[PDB]
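As given, the protein sequences belong to chains A, B, C and D, one line each in that order.
So in the UniProt record's numbering, spot 20 of the first sequence is number 23, and the numbers just go up one at a time.
So in the UniProt record's numbering, spot 38 of the second sequence is number 39, and the numbers just go up one at a time.
So in the UniProt record's numbering, spot 39 of the third sequence is number 87, and the numbers just go up one at a time.
So in the UniProt record's numbering, spot 25 of the fourth sequence is number 31, and the numbers just go up one at a time.
In this text, a Cβ means the ideal position worked out from N, Cα and C, and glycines have one as well.
Report on the structure given below.
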Amino acid sequence: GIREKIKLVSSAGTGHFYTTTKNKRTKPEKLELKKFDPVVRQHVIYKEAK
Amino acid sequence: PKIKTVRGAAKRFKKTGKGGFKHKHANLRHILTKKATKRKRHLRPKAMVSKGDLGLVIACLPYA
Amino acid sequence: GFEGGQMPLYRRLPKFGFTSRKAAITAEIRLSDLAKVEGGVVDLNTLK
Amino acid sequence: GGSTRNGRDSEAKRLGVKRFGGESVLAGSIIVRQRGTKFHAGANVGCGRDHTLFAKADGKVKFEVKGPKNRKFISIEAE
RNA sequence: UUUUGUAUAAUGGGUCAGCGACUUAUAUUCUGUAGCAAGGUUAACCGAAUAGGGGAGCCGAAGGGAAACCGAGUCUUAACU
RNA sequence: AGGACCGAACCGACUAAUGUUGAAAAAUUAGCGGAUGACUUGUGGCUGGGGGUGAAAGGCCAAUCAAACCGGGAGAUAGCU
RNA sequence: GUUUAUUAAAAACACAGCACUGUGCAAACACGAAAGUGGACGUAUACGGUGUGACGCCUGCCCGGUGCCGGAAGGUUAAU
RNA sequence: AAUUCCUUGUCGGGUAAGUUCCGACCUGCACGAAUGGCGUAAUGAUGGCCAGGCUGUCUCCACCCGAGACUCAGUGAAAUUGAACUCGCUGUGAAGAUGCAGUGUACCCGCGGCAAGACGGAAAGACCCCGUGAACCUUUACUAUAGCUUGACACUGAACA
RNA sequence: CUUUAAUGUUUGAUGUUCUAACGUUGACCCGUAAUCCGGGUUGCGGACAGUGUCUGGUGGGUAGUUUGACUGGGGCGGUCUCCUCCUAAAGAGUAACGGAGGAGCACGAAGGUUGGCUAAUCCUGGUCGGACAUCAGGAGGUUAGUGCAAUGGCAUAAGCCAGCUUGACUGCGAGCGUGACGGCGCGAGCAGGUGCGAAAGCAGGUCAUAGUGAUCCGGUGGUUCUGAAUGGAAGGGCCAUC
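As structure tokens, this is what we get:
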């Protein structure tokens, strides 16, 4: 949507990534979240756009 | 003259030992950013052609 | 393959798009054959 | 207009009636909310987030009067 | 001949004679019958028989797998459940 | 002197009439309009079928026409009578 | 004066004329890819295209659209 | 009004009455000045109206004449034809029934003349709608293309800035 | 190397000159007491024009082709997918242009969890003062709420909130409800890596149901699965997402 998508990279050095629709139009402070990495099986931060 | 093989079907099906046909299943090639995890896991299992349509597939692959 | 709408029979399934290219030249020989060892030793030369 | 559309099916399914099952599973109903009319009580179990009861047992269904919070429930048969 | 329907305000026939439409080549699938059977079968040609020669090809006896590859096993796969 | 007056031939085809398996595949009669004129016309030649020729009507082109006639693709194709 | 020959002869069509416009002659232009021919063996008082239609008295507003002519710098922009 | 829906508007002229006509009024659903705007000599086998004339158009037709018709002797078709020993009325009804149900009338058969019909004849209706049929008309729908036009290159190069 | 100049020298832009390609529908000469033609003599135009290949525009002048289905008959209107109640017969599907209304997007939070918590509406009373309006007390109650229309669970709250958490999981699966199929919808339970918690247990996103659908070519990164005589690499598939 007009809220756009953000693509964040794994803090495990993997090429596999995470993508979400997180809206900034009311809440603009950056998304920087932990998720399960399916290539190393760890719980890591996904950070920094593109 | 002799009957032909449907080339657009031979690219999509593989024969089995018991004379049936395998296919990789559909609906897994588009919009995976909208298709649910559980839905993608129900489309990922590999399958064979069913008895109601199989009689038409052997008529498209007569020499397989 | 025509069913009336619904896309004809085969075009519903995605292609495999890739083949062995050796599945028609691999060859099988049964263990009950070649019992005289082609006069000495069974090799691609003596099979040829 | 003139009334429009009126949608298809509105599917809703009912299995928890008489001595149902007896092989490996006994069932309730598909009615979008279920907690006491065709539900489990005591040691019986078979329902999650989807509100369709499917209890994994060779026991047939049994009907009996009342249970916790005065709701009806359904029970299992011994043989 | 059309129809759920017809005394029919339905098409439509003057009649007798001679004509007038679903077939099997190349393939193929199943059923029947017969020759053979983990084997079954020669195409063209030669041709002497509407039979005898001629075994390039064809089908079938093992599967599992995108495939590499393995095989009475094998893909999934951490896979060892 | 006349795309002038009137009026047969001749040509036109405005009105009336007969005809309709006709005498005629629109012809024959009377009135009417024109009648050296942008008139009327004999013989030849030139132009043709998605092509001709039109003071135009998408009119007419050897009885056939908003694609004639003849021979082929071709027993075209027709979820249709 | 012309016309749907065979249901329309007219208010439509045609016209001296009137207007708008093309054309310097190997004219413009046509049919043909061309071969030629016609325009024309004429030459801007000549020829081509189109509209308008005796004459008299007159004839307001509009360059947003669609086509043309001129201005020629610059923009979008091909082969290279 | 060769233009105006309600609307057969209004008044003057007019007719026995005028949704006629002419003129006036502007009281013209978007008449309007080069397709002009409006008059207008001449032309009209010319629409809308009037008068004057003249009549078988009419009141309403009467008689007279030929040639058909009629009748006869000869020549001799076509559309059509399942079959016919098919007459009223009332009622059923693919509903608009000769033939069915109820109930009348008619000894039997020709000819002149005539249309009430047989949903008469007359070319597999012509409107409408339907076919994943076709042809044409249009255009800033798509896609080409005859023609016109731009640059570059080569045929076609020596000299100058 | 910079400033300079000249020499040799490849190739563009623009303008100028010459003559020799090309031109002559310029003159006159001959075949030929010819109209077309060919070549010459002789001038003039002149590397343009012409002719071709590539190329940008312009081109209904001409030509090929498309432009749906529903409807107590069309048009006008309303309809085509998904989704909900009543009508709809106490098993179960269910007609009608019957009675009536929505979706086509959002949410790191309303997601995971241990614990803690519990309305609406009506009434009484208000203040410096009200265009709207405070926090209590009285009545009352699966009448509030759940991201969103609609209905029903609901305090064990699935309603909101504090702490942490991000499972908005990876490989699977007793399998199962639905449909002719495509397709959708649900899942016991196993294991990988973990989160809340005393722990069990729950978490496979949200209370349940709409927010999007195939095959194809293609985007992106990964890949000894493949790769075409041998070795790469282009190409193919697989995995992950767009």
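Contact with chain B is absent for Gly52 (chain C), since none of that chain's Cβ atoms lies less than 8 Å from the residue's Cβ. Cβ proximity to chain C below 8 Å picks out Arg30, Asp54, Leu57 and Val58 from the stretch 30-60 of chain B. Under the three-state reduction of DSSP, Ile59 (chain B) is assigned to helix.
With 16 or more other Cβ atoms inside 10 Å of its own Cβ, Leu32 (chain D) counts as buried. With a cutoff of 8 Å on beta-carbon distance, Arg13 (chain B) and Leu29 (chain B) are scored as not near each other. In this structure, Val43 (chain A) places its C-beta atom within 8 Å of the C-beta atom of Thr17 (chain A). Shown here for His19 (chain A): same chain residues with a beta carbon closer than 8 Å to its own, the five before and five after excluded, namely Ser13, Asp40, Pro41 and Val42 in chain order. In the assembly as shown, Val67 (chain D) is a buried residue. Its beta-carbon has 16 or more other beta-carbons within 10 Å. If you check the CB distance, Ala61 (chain D) and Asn76 (chain D) do not come in under 8 Å.
Between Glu83 (chain D) and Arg20 (chain D), the C-beta spacing is not below 8 Å. Taking 8 Å as the CB threshold, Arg78 (chain C) stays off the interface with chain B.
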